[PDB]
Amino acid sequence: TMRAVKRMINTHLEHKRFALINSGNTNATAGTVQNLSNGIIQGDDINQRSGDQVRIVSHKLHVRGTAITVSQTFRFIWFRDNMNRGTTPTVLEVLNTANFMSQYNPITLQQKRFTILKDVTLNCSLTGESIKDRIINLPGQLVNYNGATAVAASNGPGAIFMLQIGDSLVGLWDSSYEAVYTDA
Amino acid sequence: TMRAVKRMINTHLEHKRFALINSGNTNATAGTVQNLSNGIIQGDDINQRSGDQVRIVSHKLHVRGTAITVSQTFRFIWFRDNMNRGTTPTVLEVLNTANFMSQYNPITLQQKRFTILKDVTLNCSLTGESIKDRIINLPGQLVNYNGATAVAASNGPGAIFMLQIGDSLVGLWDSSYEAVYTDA
Amino acid sequence: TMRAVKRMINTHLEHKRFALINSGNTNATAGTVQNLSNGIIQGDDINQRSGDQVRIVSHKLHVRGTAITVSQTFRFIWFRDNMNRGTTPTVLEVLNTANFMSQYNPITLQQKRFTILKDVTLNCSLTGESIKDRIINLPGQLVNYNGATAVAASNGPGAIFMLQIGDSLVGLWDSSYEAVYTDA
Amino acid sequence: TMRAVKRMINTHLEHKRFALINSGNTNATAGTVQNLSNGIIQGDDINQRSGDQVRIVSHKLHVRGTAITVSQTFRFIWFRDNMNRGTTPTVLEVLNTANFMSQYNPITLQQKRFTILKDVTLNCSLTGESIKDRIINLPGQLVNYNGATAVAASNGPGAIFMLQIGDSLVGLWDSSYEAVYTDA
Amino acid sequence: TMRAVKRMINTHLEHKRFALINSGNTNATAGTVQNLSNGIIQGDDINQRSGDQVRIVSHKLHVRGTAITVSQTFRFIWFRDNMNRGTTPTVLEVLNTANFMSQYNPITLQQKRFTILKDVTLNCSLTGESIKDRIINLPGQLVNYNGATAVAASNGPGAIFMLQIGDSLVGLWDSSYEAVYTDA
Amino acid sequence: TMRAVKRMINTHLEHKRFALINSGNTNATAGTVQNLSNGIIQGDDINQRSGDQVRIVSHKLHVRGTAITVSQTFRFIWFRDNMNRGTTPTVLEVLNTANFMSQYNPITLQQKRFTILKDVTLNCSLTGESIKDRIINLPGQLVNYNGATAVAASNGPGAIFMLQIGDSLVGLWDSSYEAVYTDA
Amino acid sequence: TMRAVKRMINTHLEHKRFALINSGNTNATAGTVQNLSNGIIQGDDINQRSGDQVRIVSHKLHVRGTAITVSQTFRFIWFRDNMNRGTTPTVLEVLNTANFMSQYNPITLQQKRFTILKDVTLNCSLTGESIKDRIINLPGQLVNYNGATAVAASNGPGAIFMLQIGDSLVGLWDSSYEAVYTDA
Amino acid sequence: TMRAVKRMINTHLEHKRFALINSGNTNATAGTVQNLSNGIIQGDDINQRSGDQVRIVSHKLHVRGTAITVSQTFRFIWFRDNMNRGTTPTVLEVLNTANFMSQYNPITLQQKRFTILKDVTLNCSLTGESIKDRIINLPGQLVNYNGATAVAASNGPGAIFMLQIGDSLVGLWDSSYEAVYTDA
Amino acid sequence: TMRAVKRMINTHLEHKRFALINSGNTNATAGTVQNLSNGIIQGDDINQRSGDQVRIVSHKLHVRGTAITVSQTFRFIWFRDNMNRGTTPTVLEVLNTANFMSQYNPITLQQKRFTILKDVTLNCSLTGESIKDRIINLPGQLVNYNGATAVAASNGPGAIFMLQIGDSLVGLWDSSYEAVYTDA
Amino acid sequence: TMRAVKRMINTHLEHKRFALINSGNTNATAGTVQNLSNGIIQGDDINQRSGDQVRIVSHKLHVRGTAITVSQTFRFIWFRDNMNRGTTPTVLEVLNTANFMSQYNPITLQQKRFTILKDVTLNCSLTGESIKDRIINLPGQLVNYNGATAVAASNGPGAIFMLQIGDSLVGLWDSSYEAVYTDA
Amino acid sequence: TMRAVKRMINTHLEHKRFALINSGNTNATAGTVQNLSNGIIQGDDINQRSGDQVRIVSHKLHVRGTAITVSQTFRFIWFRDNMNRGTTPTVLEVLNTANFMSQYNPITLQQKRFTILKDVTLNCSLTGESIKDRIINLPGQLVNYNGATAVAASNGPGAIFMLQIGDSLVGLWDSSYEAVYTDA
C-alpha cells in the first residue's frame, strides 16, 4: 500500500504552480542556455517557495521554431543540472562542441552532472513546414536552491534548464514552461 | 454486474443529441472563448433539455485552420468549466498570459476551476500544408445550467467551451461540435 | 467451437466479388451521395446475386482527392443505410447541415438509420501535398435489396454508400470499391 | 463435433448434377484432351451454376475402347488442372512425350499443375476381347471458372479433363461423365 | 521441441541470395508488370538454383517514385502468381480495369490465382514531397520454375512480380529486390 | 515425433523427376539388360543431379509386350544392383541360365548383389490377348553413381535396371520409367 | 541470477565515452564509408582505450541531409564489420551495386561479414522539407582493434561504420556519433 | 552467492594505491582546503588512473598538530565533494563562517553538495600535551575527474578534500593520505 | 527426440568428398601458407559445390617431412580462417615473428581471426629418424566462399589452411588433405 | 538377452582357422593389392570352407618393412571390399592417386565400396630404425565368395585385402594373416 | 552458480597477450635463468599492462635443443617466483648445486619461494635424434611487478622464469613464450 501512503501524503500538500514564457528569441549557432526553474523565488505566493527546496511533481516544456530568410534547424535540450553550485551552465558543459549536431560532453555525462530530459530537433523549411512546435510533459524531482532571488547564483542541485542551438542566427524561437511542485 | 446495471439503465434513457457549427472566424492573438454546451436550451426537442441538468455520454469537437497571407499557428483548447456561475470565461482565466504559447493559469488550474479536455496546436504553412484539422471524441460528464436560454447567464457547473488563440489575426478557423446526452 | 462450424460453413459458400470505379468527379460544397453496393444486380455472374440478399464478408473503399486552383478539403463518409426503402439518401439525412464541417444529423443517428463505417477528411494543398488518398478495409454485414437492377429503387436495408463533401467545387476526386460477399 | 456438422450443412445445399456423353471418337497416336467440367455453364437449371465456383461432391467417368482393323491400345488419363487460366491443356503438358507409353511431364507434375485422378490402359484385341470398358467414381473438389459459357476460356483452377492417347488412329472410343456438385 | 527441428534443419541448408535493381522507369497509366524472381536461373552460383524449385525464406522490395512535370501518383503491387504456367501476367489479370485506382480482378482473386503481398501508393508532389520511397520485408514461400533461363517461359507457380501503375507517363520510378532462399 | 520430422525434412527438399521411354524392342531369347536410373546425369536441370548420389522417393515402371508371328512370352525383371562398379550387368549375373524360365543366379542372390523389385511375365497370344502391359510403382532407395554422364561406367551401387527375356525373337516390347528423387 | 550479476559487474567498470562530429559533406552517388569507432585510440583519457578491445554498452548515430540545387535522396547505413582485418570497407562490399537503391551484397551478408544496425533513407525536397535528420540509439557489442592509432589499419572485428550514398553530388550531409563503452 | 559475486569480481581487479604527504603547514584562522584525491593523475603506474573514474575501496587520513608559542586548537574536516565541477572548494562553502568553531554551511549541507567523512578537533597545550595526532581509515566511493592532471580543474564529483582551520596562525600541522582503489 | 533429428537430416544429405595432394615442397624458414578447402570449386561433381557454402563433416590432414643435407625441423599449423575476405593469409598474420619457434600473433588470436586446429612439429634427423609423418582427423565446420573458382579471392570465412615453417630451406615436405562435406 | 544366446550359438560352431604368409616383397610406388581371405577355398579341412560364405570372428594382420639402399616409407592399408564381383581391386579404386601420400578415392568411399580396417605407415630409416613392424587384431564380418578356388574370380562381397604402397621400389616388406571363422 | 559468474566476469575483461622468442643460446653447464613475464611493461598496447598487476589466464612455453659436436643433455625448468623483490633469481636459488642433475634447493622449496611449473630434460644425440623440443601449456596466476620497465628491478611476486642448464657448453637451445592475461 506504499503507493497508497504516497497518494494520501500528497493530498495534504499544496501543489504550487509556476508559469513562464520566453518569446521571440533568435536561433543561436553557438547556443544559449535558458533558465526554467530559477524563476521560483522565495515568497508566500502560489508561484514562490518557502526555503531552498521544492519538489517538482510534474513539469511541461513547450518549444517552437519559425524559419526566417533560410530554411533552418532549431534544437532544444531540456535538462536537469544535478550538481549546480550557483550558475547557468554553458553550452560546452552540455555539448561536446558548440554545434547543433554535437553529441553530449563525454565527461559531464559520465559523471552525471546533467540528466537529459528531452532532446528535440525541429527542421523548419521555407519551402515546406516553416513553423514547428513540440510540447513535452514529465514527472519531476527535487530542486535545491542556493539563494532567495531570481539570479544565477540561486540555482542549485536539481535546477532545470533548456539549451537552444541551431544552424542559423536568423530564425526565431519561442518557449514556455510550467512546474507543478510541492513545498512542504 | 454493476456494469450490466449501468448498461441496462442507459437503454431506458433517450440519448438526446445536439449539433453546432461555427465557421469563417479569424485567428485571434489575444484569444477568444467559444460556447459549446450553452446551445442546449430548455424545451421538448431532441437537441433541448428538461430542467437544468443533462449528462453528456460522449461529445466531439472538430477544429480546422487555414493560413491566409502568412504562415501561422492556431491553438484550440477544449475545456470544461467545473465552477461556472453564469459567464463565458475569459482568456486570462484559462491562460497565464493572453499569448498562444502560454501555459495555463496557475491559480485556476490549482483549484480545478477548469478541466482541460484537449489542447491542440495546428501550424498552417503557406509554403506547405496550409489547411489542417483535428477531430476529437471523448466521454462526457454532468452539465448544470443556471438558466433556460442560450445566453452566458445560463452557463453553469460543467459547461463546455473552446478557447481559440493564435499568432496572427489573418488566417481563418472553423469548428463544429456534437454532444450526445441523457436528460432523465 | 461455433467459431469452427462458422469456418466450415463459409468453405462451402462461393465468395462472389464485385468491383467498381468512379473517377474524375468534382468536389461538392453541398455534397453528394454515391452508390457502392447498388451495382450488384440480379444475375448469374461472379459480381451479381441470386435473390434480394447478399452477405458482405469484407469490403474495401479507396478515396482520392486532388486540389485544383485552390488548396481545399475533401471529406468522404463511408456509411451503411440500415433502413433504406429504395432511395439514394440525401446529404442532409446524414449531416446536420450541408457543409463539410458539419456533425451528423442528430435525429437519424439517434434512431440508427445510418451506421458510419469511416469518416475521412483529406486536406490537399497546392503549396504542399496536393494529392492525397486513403484505402480502408472492413468486415461487412447483410445487404437487402428492393429490386433487381442498378437503380435507386433497388437499394434496401444494409445498402452501402459514400457521401462526398468539400469546401470547393473545382478539385477532383476518385473512388473505387470492392465487395466480397456470399450469396447462399 | 464437426463431422456431423459437415453432414448437416450438406442437407441444406442442392446437389446439382451434370451429365455428358462423347461417343465414336478415333484413337489418337498424338493424343487429345477432352473437357469434362467445362459444360457446366452459368444458368438457373439443375446442370448449370451460379457464379464462377462449384464444389464437386462426386464425379464419375466411363471410358470404352473398340479395336478396329488391328489390335490396339487405348489410354485414358482422368485429371484435374489445379492451375487452369482459361485453356484446354495440351497432351505435352501432361505427358513427357506424345506417346501412349509416356510417363508424366516431370515439371508440371513437380509443381502440381495437374493432379492425376485415374490412369487407365485398355488393350483391345481382334483375336480376343476387342471391346473393353472401365467406370471410375471418385469424391471431388472445388472447381473455379474464368467465364460464363462452354468455351475453353471459361476453364479455371480445378477444371476436370480426360486425355486420350493410343497406338492406332483407327479404333473407336466412347466416354461419358457425371458430376454431382453443390453451388452455394 | 519440434519447432527446433525446423531451425536445426535450416542450419544445414545454404541460404542463397539474389539481388536485382531496376532504375529509371517511366510511370505507366496502363500499367506494367515487372519480374522479380525470374532472374534466379539454373546454375552453381550463390544467386542461382539447382532444379526447378527454391524456397524463399525472406524477400525484400524497395520502390521509389519521383514526380516530373506534374504532381502524380505511383502505385506498386507486389504479388505472387500461385498458378503461373510460363508467362509474365498482364495488368488486367491483376486489376479489374487498367487504372491506378482499380480494385483487384474479381475472378483471378476469387480463384486465388494471385496472392497480394503488398499494395503501395505514393503521391509525389512538385509543390511538396516530390520523391517518396518504401521498403517492405516479408517471409517467403516455395517458388517453382518452368525452365532454366531468365525468360517468361521459365516463370512457374509461386513466381514473384511487381505491377506498377500511375496517373502520368512522365514521372520516374526505381525498384530493387532481394530474395534469401534455400535450394535443397 | 520421428514421423513428423521425416515429413518436415522432405518439405524442404526439391523432388526432382526423371522420365524415360524405350519403345519397339525385339523379344530376346538370350535376354538383355536395360538401364533405368543411368540417364540421370550431373547438371542443374529438374531431371539431373548434383554430385554422385540421389535418393529415389518413388519410381514407376511400365512394360508392354505385343506378340508377332507366334504367340510368345515376355519376361521383365525390375531390379536394383546394390554393388555396381560401373557396368550394365549381364543376363547371367541375374539368371542361373539365359532362359526366360530360369530361376535367379544362386551366387549373386546369396550375396545380395541384386535386389529383385518385381518379376513380371506376360503371355501374349495371337489367338487371344496379343497385347499385354503392366505398371508398377514402388518406393525407392539411395542411388550412387561412379561418374557424371549417361554411360555404363557411371552406374554405381543402387543403380536400377530391367532385364527382358522371352521365348521368341519376333515380338516387340515397350517400356517407360519415372523416378522421383531428392538431391540434397 | 546471472542477470543481477551483469548489473554488479558493470557498476565496477568505468563507462568511458567517445564523441565525434562530421559536418558539411557532399552527397555521393557512388557512396562513401565513414569510420565511427576508429577514433577511439590507445591512451589514458576518457575517450581512449587500453589494449585492443573495448565493449560498447550503447552508441548513438545522428544523420542529417540538406537538399541543394535539386531535390534529392540521402541514404545512411550504420553497420558493424564483424570481420575487419584493418581496412575501411568499400561500398561494393556492403551493397550489391554502388547505387542508393541497391540491396545488400548477397555474398558478404550470407557469410555475416557485416551486421546492418540501421538503414535510413531521407528524401529532401526543395519544394517541401529540404532538411531532414534521424537519431538512432542502440546497445553495442565487443570491438576489437588491429593497432593503436586512428588509421584504417587499426580497425578490427566489431568496428562500426556508416555508409552514405545518394542520388546527387550537390546536397550536404552531417553526422555525429557517440559510443559509451567499458574498457576492463 | 550474491555477496560472493562482489568478492569474486574484486579478486580480478588490481587494487591500485596512491600515497601523499603534506608536512609543516601553519595553523589557519580563516582556514584552508587541501586536495587529497587530486594527485591521482592519468597514466599507467600503480598510483595513477586510466580514464576519469576510479573507485576507492578504502582510504586513510593521518592528521597531526603541534602547538607553537600559544596553546591552540587545530580542526581537520575530511570530506567528499559530491558535486565538484573543477575547483578546490572554499572554506565558506563548507563552514557557515570562517571560524574554527563554526557549524556547517546550512545550504551546501542541505543539498548534499558535501558529505562529511570525519571532523576532528585537536587541542594542543604548551602546559600539557602539545603534540596530538589522529588516524582514520574508511571505506570509499566512486571518484570522477574533470581532467587528466593534478590541477584543480581536474577535480570532479566524488573528489576528496581536507579542510584545516584553528585559532592561531603559529602552530604547525602535518597530514598524510592513502587511497586504495580499483580502476577497471 | 532432438539428437535423432541431426542424424536423420544427415541421412538425406549427400556427403560429398574432396581430396588433394601437395608433395615435394621445400622447407621454408620464412614460412608459407597452403590452401586446403580452396580447391572445392562451384560445379556438379562429387568434389565440387553448389553456391558459396559447404559444411565440413570431417576432414583429415597428412603431413610428412624428410631431412636433406642437415637435420632439421618442420612445423605444420592446420588452421581455420574465421574472417577470410578473399586472401591466402600471410605467415605473420598467424605467427608473431616469421620463425618456426614463434608463438601466435597476439592480435589476430585475441580477436579470433584464426582458430588453430592442430600445431605439429617434426624433427627429422640424418643421424636418426630422417622421415616423419602425422595424420590428423577432426570434425569440421561451415565454410563460406567469396567466389566460384580455385583462386585466393574465393576463400571466405571458415576457409581451411596449413602454415608450414622450419629451420632449413633444403628438406622436403609432403601433405595431403580430404574433406567430407554436405552441400544442401 | 542378446549376449547369452549369441555366446551359446557360437559354442556349437567350429571356429575354423586359416593362416597365410607373404615374405620378401618389394616396396611399390604405384602400389599393389594383396589377397588375404581369397586363400580359404572350398574343401573339408580346417582352413577351408563349405559353400560360398564364412563369418570371420577375428582376424590378424602382421606387416613389416625393411629399408634397403635409401631410407623409405611403407604404407599398408587393410581393407574390406564390400561389393566385390570377382576381382582383385586396383590401387586406384582405393586411393585418389597412386601415391603413398594419397587420401582415399572420394567416389568409392562415398558409396561404401570399401571399408578401411587399418591404415598403417612405417618410416624405415638407414640412419635409425631400419626395420619396423605392426600387428593388428580386429573382429570380422561375413565373407561371400563367387567361386570355389583361390583365384581372383572367387573373391566376393566382404573379401579382405591389403594395399601396399611406398616411396621406393627397393626396400622389402613381409606380411602374414590369420582368420578365425565359422562356417555353419 | 559461481562458475557462471566467473565466466561472465571474464567476458567483460580484455584478454591481453604477450609473445616472446629467445633463439640460438648456448647450453650452460653452470646454468642460466631467463625472464619470461618481465617483458610485459607499463603501457597501452595489447602486450603491455596498466599498473603493477596482471592475471595470467594461460601461458605456453616452447623449448628446443640441438646437439653440436657432442651428444648432450638440455634441462629446462619453468618456474614461478612467488616472492620476487626485483631480481632475476640465481641458478643456486633453484637448484641445490649448479649441475644439470641436481635436485631442487631444499630451503627455497621448503619455504615455497618458487613453484615449479614443469621440469624438462631433452637428450640430444649426434648418433640419433639430435634435435628435440617440447611445448607446454598451463593455466596461470597473478603476477605482481615492482616497476614499469623491462628490467630485473621490475620483477615482483608471481614473476615467471625459465632456468636452463646442461652438460655441454656447445649445443644450442631456443625458447619462446606466450602469456594470455587479464589486466582489469
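Each chain carries a letter (A, B, C, D, E, F, G, H, I, J and K) given by its place in the written order, and its residues are counted from 1.
In this text, a contact is a pair of C-beta atoms (placed from the backbone, for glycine too) under 8 Å apart; a residue touches a chain by one contact, two chains touch by 3 or more.
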(Q) I need the common contact partners of subunit F and subunit K, sorted by label. (A) I
Q: Determine the chain that sits nearest the middle of the structure, using the mean of its CA atoms as its centre.
A: G
**Q.** Chain whose average C-alpha position is farthest from subunit D's own
**A.** H
Q: Going through A-H, E-F or G-I one by one, find the pair whose contacts repeat those of G-H for over half of the pairs by residue number.
A: E-F
Q) Approximately how many whole Å separate the CA-defined centres of subunit A and subunit B? A) 31
Q) Between subunit D and subunit G, what is the separation of their C-alpha centroids in Å? A) 64
Q. Measuring from the mean C-alpha position of subunit E to the mean C-alpha position of subunit K, what distance in angstrom results?
A. 66
Q: List, in ascending order, every residue of subunit A touching at least 2 other chains.
A: 107, 110, 125, 127-129
Q | Inter-chain touch pairs (all) | A | A-B, A-G, A-H, B-C, C-D, C-E, D-E, D-F, E-F, E-G, E-I, F-I, F-J, G-H, G-I, G-K, H-K, I-J, I-K
**Q.** subunit K residues within the subunit H interface of the complex
**A.** 1-2, 5-6, 9-10, 13, 42-44, 48-53, 55, 148, 182-184
Q) Residues of subunit F touching subunit D in their complex? A) 14-21, 23, 46-47, 60, 62, 64, 66, 125-133, 135, 174-178
Q.
Looking at the complex, which residues from subunit D come into contact with subunit F?
A. 71-73, 96-97, 99, 101-107, 109-110, 119, 121, 123, 125, 127-129
Q: Report the residues of subunit H in contact with subunit A in the complex, numbered from low to high.
A: 52-53, 82-83, 85, 107, 110-113, 144, 146, 156-157
(Q) Show me the residue ranges of subunit E that touch subunit I in the complex, using the header's touch definition. (A) 1-2, 4-5, 8-9, 12-14, 16, 44-46, 48, 50, 183-184
